[PDB]
Amino acid sequence: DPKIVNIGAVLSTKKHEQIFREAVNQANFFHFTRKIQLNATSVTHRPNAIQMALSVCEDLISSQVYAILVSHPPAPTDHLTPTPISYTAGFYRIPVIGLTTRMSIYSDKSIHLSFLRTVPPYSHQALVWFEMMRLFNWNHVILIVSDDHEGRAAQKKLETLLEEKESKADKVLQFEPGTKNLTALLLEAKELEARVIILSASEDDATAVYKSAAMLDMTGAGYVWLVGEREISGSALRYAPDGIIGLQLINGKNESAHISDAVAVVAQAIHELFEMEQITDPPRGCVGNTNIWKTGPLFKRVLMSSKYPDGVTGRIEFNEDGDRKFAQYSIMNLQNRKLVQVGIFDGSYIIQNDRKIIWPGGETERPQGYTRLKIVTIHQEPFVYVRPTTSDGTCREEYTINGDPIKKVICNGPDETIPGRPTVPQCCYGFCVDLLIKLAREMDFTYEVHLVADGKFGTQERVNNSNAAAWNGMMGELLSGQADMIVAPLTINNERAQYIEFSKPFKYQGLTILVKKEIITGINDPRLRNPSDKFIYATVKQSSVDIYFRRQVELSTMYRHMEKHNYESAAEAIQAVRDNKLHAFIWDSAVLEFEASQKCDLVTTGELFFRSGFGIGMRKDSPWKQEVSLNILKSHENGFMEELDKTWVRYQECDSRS
Amino acid sequence: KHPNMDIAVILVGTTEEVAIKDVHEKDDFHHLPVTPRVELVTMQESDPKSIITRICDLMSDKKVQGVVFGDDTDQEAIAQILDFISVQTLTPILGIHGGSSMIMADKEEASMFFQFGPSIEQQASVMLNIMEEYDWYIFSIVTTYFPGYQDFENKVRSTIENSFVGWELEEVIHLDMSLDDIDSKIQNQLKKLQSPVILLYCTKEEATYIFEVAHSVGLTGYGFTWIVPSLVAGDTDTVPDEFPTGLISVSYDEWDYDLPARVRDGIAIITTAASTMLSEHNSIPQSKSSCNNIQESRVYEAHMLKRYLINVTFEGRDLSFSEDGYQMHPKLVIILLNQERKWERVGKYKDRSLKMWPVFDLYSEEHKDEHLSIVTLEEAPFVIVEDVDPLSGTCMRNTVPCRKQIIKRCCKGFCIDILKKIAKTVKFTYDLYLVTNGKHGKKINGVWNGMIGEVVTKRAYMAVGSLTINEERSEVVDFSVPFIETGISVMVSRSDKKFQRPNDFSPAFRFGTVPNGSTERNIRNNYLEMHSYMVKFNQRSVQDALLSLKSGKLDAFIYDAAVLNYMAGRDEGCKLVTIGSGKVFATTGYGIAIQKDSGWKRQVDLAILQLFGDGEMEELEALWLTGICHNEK
């Protein structure tokens, strides 16, 4: 016997009702009519909420609908005019499917628990922005939202996207709707370094946003705008700035495609449903039933999981909230004050249309985004060199072995040349300097460098009570803020690591020993293990190696022998071996190997132990380091470092002597 | 001149057809400037259509300026419905009993709706006072997606943070009643929580399902206790015994004041708000009531009424509301389910302060407690599985039983002995079994595998074996200090980058390791090319890997250093040796799993180095670890 299973809907016009019934009949024809049949019922939108709710309880539910479809009316009244149905069906847990409601407030299962849609909300548009942000590599942006469930939801979604990454709240800006003048808030926005902006608001609000933004000239180049579908449309389009980036959902305007597809999905869901037993028909009529419909949540469960990827609208799958997944948007550009498709977005991946990119103001291509850095260093020969500027004149045109002129920068640092020690203006040129300027071209920052007063990089010291003072040296300057960032050859260790953030290593090296070749088995050398007053092994007190000796318990005995006859600086330490004052010298390879090449009278031996890396210091609180590492890696992949080590490590004359 | 207001009130239920009509409205406090004009109507059972139709029907031309709703029903939904009408009408509506009094989603600010039920926040506060009174410090929350969640979670969070006491929030659970479950997903979560005192939040109907499921889970019994808000208890007239006994919840009392007295309170609030609004603007509140047409003009002006109506006082009694529309502090009663079906009062609570009646006891090793099941895997020499003598029927000597789901297998070896000494010293007893999925823990995409899985699933407290140590596992689970010197190493017959590329050497070179190992994962992390190349040289098992080395067809083998050293010592011929001094990179030791920061923890660690502290480990090394080879020394 056939069984007539009703469906119900509220649609804009009788023609669309006919479209609905037609799609339903297509569903009946193409699936078993012997077992089950589908029947269609629908009604036009009513002027108030109440006539319509009454229509659902009377005109629809009296027909025992298993589900309801809803569309936005011809003239939108306020917003979320399909609010009542979600509540009304919701009492009985009758599933509701909206065609045209992109509104975000329906995403919370709590308030509307029966609500599903064939379109993603405005909040989900953020999926694009993250992907957009992903491609262009701007991690720094600004978000401008209206204050309501819509804007706050958008913020939550985008931030949630960012949560997988280090959470990025570069800045967030909330304004309340209906406010004609927003100027002050944007004045606050300019102060924020990040130059890319994204906003969500209503059309009327957006007019005010662009109106206020143009006054402060934030529509100009070096600034980027990302926006919602609503923002580009309407009166907002009229006052919209040039070069803006914009979004439009596909088939958002059409109810009918979504009708055919939604009903198709409903049919698949039902036919999949009746495979299950212990089913109950929905309540007949509103009157006399105070009870929910036990099947309804199940119908929702299958319907959310209902696949059928082939559809007139595109791929169909439903997120947890019942919102649609994998929807497609078409990116839009404002070129010549007109809307154009620069690209189109479908699935999880953006697609680039052949059209040329536009940015605000004049750009053929301009992806630009995102004020001082005090930098500190130490005098370490391979990665840093010190010469004073000749008189007032600045720096020598001296050239690298590969023909290039040597770059150089000014640095204020300790001078031992005068009997008293003045902080002296000096010229410094280095591997780390070339790296720093490489970053400076890559990074928005500008740099001024002065060498730390203390020759030591840093070590914890001084007074007993509480914890008193702080580690002496450039590191101490970093915490103190004397320099906000540290560029030098610094080994990276946990004891320091808790105090500060560390950039990904530019270099990888480990400690080793220098001894003259011309006539040390291991890091563990019996000769070290068999110390002798006669055979010296020398180091610098307060050098990080000393921290290795003090912190480590296992070798703690061995530290003391090294402690004897310590040298103050690197040059003196190399010299002692060269002078033959000291038979052996212990230091990390990166500083040592270059010297090993430099003389060849002296040699490095054994295997780098205490294997470590050199990195640029920053406070954990400063986010610029996030880019720095991100940049460091980018510098590693291209072989930039390899060529820089190749330049600054000469390798000219030396060999394995034996 | 004469300002007579227009008002309507409805009662549903009352357990009567011919429900008591117009019992009240009788002139009281007539002095108030506006006199009430009342029309009373009753309807038997609730519906969205019936209620909407009737309320609009009473609206007609009648032009009522206020409505009070009351019900015999337990239904949650009703309040929201009437609230919706309010949003549409801008005509004030409130309710004195049952569902309308039951909590609802946060009210639209423009909308005017009020409830004589307590605030969600207030209720949470009372629940906290109750727990504090019995000094039940440690508790968890089970909630559902119903509205007020997270207003509740937040309120509990705020109330809890301030207090000095070291209370513990154990778990918070959010489960959608929608997408109703075949999975018993609620059973699967609820089964997890170990906490003694549970706060539940949901619709009246939902509580039943959650409770049947709890009854299956075993959560209703013996020492655990449940505490509930207004909604579940509702009217309290009807109580499915699916609810467990000893269930504790707060509700408004019928006895103190009967429903007509409450209705009198509502009428008094409406007419007092009218009188105050009058005093302020000398203006009639009366407005056209008809919903069907557009809302009457100057009704938009009505907002101030809400502003006036929030706090109202008569009869020396405060009706003051909160921004949400719940009354600020209605009197409340602490109620319990007495044995059988009784709802019998336990406490009274008002304003700031709470008072409760019962004194005490409302409704096994001294040093330490519980039991620990342990999982392991077989590896030689350390953990050896042997088949027990069938004639004996049970394990012999040092062998300790271990079961593998697929049969009793007999485990003995290094892990068995170390574990045995540790158990002897810390004095606890334990159950030992064998792992099935993935042996030592293995990661495919997002998820962990192996003994670590049983450590995470809490199917195992501690995992023992030849398991190596790494940063990830130390991150997820606390590890014991290393008992033995071990690590990655090489075993061959007899950093250079010879390993880095085979292709540099014209003949093809060969080296491989066992997959799903800490070694292979470490390799993939640091050295990619080696992994991608060595996947071809990967071997099924250590005996088989040994087959690849021993019979030829493979040059070098790489594996754990302890195993490679013991194998160095033990070989059918001294055909195999270690690399260099066998000094291993990635210097590590065998650790032991624990759950997290909460564990016997340090107590274990001490025990371990006591083992070496008495020198037992050297003996055990000579017996188990020492091989005969490395004989020419």
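Every residue, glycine among them, receives a Cβ derived from its backbone with ideal geometry; neighbour counts consider all protein chains shown. Taken together, the values in this text are just the output of simple stated rules run on the coordinates, not laboratory data.
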If you split all Cα-Cα distances of the protein assembly as shown into 10 Å bins from zero, what percentages do you get per bin, shortest first? 1, 7, 11, 14, 16, 16, 13, 10, 6, 3, 1, 0, 0
So what's the gap between the Cα centers of segment A:29-47 and segment B:325-348, to the nearest angstrom? 49 Å
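Find out how many positive minus negative residues lie around A:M304, taking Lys and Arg as positive, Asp and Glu as negative, among other residues whose Cβ is under 9 Å from that of A:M304. Provide the component values of the computation, followed by the final result.
Values: positive: A:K300, A:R301; negative: A:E317, A:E320.
My count for the surroundings of A:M304 gives 0.
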Between the modelled labels at A:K156 and B:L362 (7 Å from Cα along Cα→Cβ) the distance in nm is 3.4 nm
10 Å binning of all Cα-Cα separations within segment A:372-502, expressed as whole percents from 0 upward: 12, 39, 34, 13, 3, 0
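Please report the antiparallel percentage of the DSSP beta bridges confined to chain A, to the nearest 5. Show your work: numbers first, answer last.
Numbers: 41 of 80 bridges.
Percent antiparallel among DSSP bridges in chain A is about 50.
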Take the Cα of B:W255, step 7 Å along the line toward its Cβ, and report every residue of segment B:64-105 whose backbone nitrogen sits under 20 Å from that point. B:97-98
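Once a ≥ b ≥ c are taken as the square roots of the eigenvalues of the Cα gyration tensor of chain B, is the result rounded (a/c under 1.5), prolate (a/b larger than b/c) or oblate (a/b not larger than b/c)? Present the calculation step by step, with values, prior to reporting the outcome.
Numbers: a/c = 3.76, a/b = 2.77, b/c = 1.36.
Here chain B falls in the prolate category.
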Please say if chain A is rounded, prolate or oblate, where rounded means a/c under 1.5 for a ≥ b ≥ c the square roots of the C-alpha gyration tensor eigenvalues, and otherwise the choice is prolate for a/b larger than b/c and oblate otherwise? prolate
Give me the net charge for the shell around B:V312: Cβ to Cβ below 10 angstrom, other residues only, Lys and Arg +1, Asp and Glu -1. -1
Neighbour cut-off at most 13 other Cβ (10 Å), DSSP loop, trypsin sites (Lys or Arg not before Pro), segment B:446-478: B:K458, B:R459
Go through segment A:260-266 residue by residue and turn each phi into a ³J(HN,Hα) via Karplus (6.51, -1.76, 1.60, θ = phi - 60°); whole Hz please, and just put x for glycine and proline. 4, 5, 4, 4, 4, 4, 4
Do you know the relative contact order of segment B:159-256, to the nearest whole percent, from alpha carbon pairs under 8 angstrom that are 6+ apart? 25 percent
In the protein assembly as shown, if the dipole is taken from +1 on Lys/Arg beta carbons and -1 on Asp/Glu beta carbons about the Cα centre, which of A:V545, A:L528, B:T14 is farthest to the positive end? A:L528
Selection from A:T604, B:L362, A:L60 lying farthest towards where the dipole of the protein assembly as shown points positive, charges on Cβ: A:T604
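How would A:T118, B:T236, B:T159 line up from fewest to most surrounding beta-carbon atoms within 10 angstrom? Before the final figure, lay out each step's value.
Values: A:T118 26, B:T236 18, B:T159 15.
If I rank by nearby Cβ atoms, fewest first, I get B:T159, B:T236, A:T118.
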I need the calculated FRET efficiency for the pair A:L339 and A:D310, taking r as the beta carbon distance and R₀ as 35 Å, to the nearest 0.05. 0.70
With each label point set 7 Å from Cα along the Cα-Cβ vector, what nm distance links A:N580 and B:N631? 5.1 nm
Residues B:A105 and B:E280, FRET efficiency given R0 of 35 Å [Cβ-Cβ distance, rounded to 0.05]: 0.65
Which of B:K536, A:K157 comes first, and how do the rest follow, when ranked by fewest Cβ neighbours within 10 Å? B:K536, A:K157
So who's got an amide H within less than 5 Å of the one on B:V346, skipping anything under 5 residues away but keeping other chains? H placed 1.01 Å off N, in plane. B:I334, B:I335, B:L336
Gap separating the Cα centres of segment A:619-658 and segment A:305-321, nearest whole Å: 49 Å
Using each residue's phi in segment B:104-116, evaluate 6.51 cos²θ - 1.76 cosθ + 1.60 at θ = phi - 60° and report the 3J(HN,Hα) Karplus result to the nearest Hz, with x for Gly and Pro. 8, 5, 4, 6, 4, 4, 4, 5, 10, 8, 9, 10, 8
As a test of the formula, what do you get for chain A when each DSSP H run with n ≥ 4 contributes -39,500 (n - 2.57) and the sum is divided by the residue count, at 222 nm and rounded to the nearest 500 deg cm²/dmol? -9000 deg cm²/dmol
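Could you tell me which of the pairs A:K325/B:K191; A:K156/A:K504; A:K438/A:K625; A:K408/A:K581; A:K307/B:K439 are separated by over 25 angstrom between their Cα atoms in the structure shown?
On the way: A:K325/B:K191 32 Å; A:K156/A:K504 30 Å; A:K438/A:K625 15 Å; A:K408/A:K581 35 Å; A:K307/B:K439 37 Å.
As for pairs spanning more than 25 Å Cα to Cα, those are A:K325/B:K191; A:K156/A:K504; A:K408/A:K581; A:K307/B:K439.
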Counting only DSSP beta bridges with both residues in chain B, tell me the antiparallel percent, nearest 5. 40 percent
Quick one: which residues, 5 or more positions from A:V10 or on another chain, have an amide H under 5 Å from its amide H? H modelled 1.01 Å from N in the peptide plane, none for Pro or chain starts. A:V43, A:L69, A:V70, A:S71
Alpha-carbon centroid distance for the pair segment B:193-249 / segment B:385-412, whole angstrom: 45 Å
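Given the pairs B:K420/B:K458; A:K165/A:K253; B:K404/B:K443; B:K192/B:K342; B:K443/B:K497; A:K456/A:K517, which span a C-alpha to C-alpha distance of over 25 angstrom in this model?
Details: B:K420/B:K458 22 Å; A:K165/A:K253 35 Å; B:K404/B:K443 22 Å; B:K192/B:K342 31 Å; B:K443/B:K497 28 Å; A:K456/A:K517 29 Å.
Listed pairs above 25 Å: A:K165/A:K253; B:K192/B:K342; B:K443/B:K497; A:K456/A:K517.
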Pick out, in residue order, every one of the chymotrypsin sites (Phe, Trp or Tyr not before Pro) in segment A:7-58 that is DSSP loop and has at most 16 other C-beta atoms within 10 Å; say none if there are none. A:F30, A:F32
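Once you charge only the Cβ atoms, +1 for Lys and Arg and -1 for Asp and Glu, what is the size of the charge dipole of chain A about its Cα centre, to the nearest 20 debye? Don't skip to the answer; put the middle values down first.
Working: 73 positive and 81 negative charges, 165 e Å.
So the dipole magnitude of chain A works out to roughly 800 debye.
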Select from B:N522, B:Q539, B:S506 the residue farthest towards the positive end of the dipole of segment B:488-578; place +1 on Cβ of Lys and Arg, -1 on Cβ of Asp and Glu, and compute about the Cα centre. B:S506
Least to most buried among B:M530, B:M451, A:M132, by other C-beta atoms within 10 Å and fewest first, runs B:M530, A:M132, B:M451
FRET efficiency (A:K35, A:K325; Cβ distance; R0 35 Å; to 0.05) is 0.70
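Is the shape of segment A:507-614 best called rounded, prolate or oblate, per the rule: a/c under 1.5 gives rounded, else a/b larger than b/c gives prolate, else oblate, with a ≥ b ≥ c the square roots of the Cα gyration tensor eigenvalues?
On the way: a/c = 1.43, a/b = 1.15, b/c = 1.25.
In terms of gyration-tensor shape, rounded.
Report the local net charge at A:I547: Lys and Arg +1, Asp and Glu -1, summed over other residues whose C-beta lies under 14 Å from its C-beta. List each step's numbers first, then the result.
Working: positive: A:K456, A:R496, A:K541, A:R550, A:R551; negative: A:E461, A:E495, A:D546, A:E563, A:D588.
Taking every other residue near A:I547 into account, the sum is 0.
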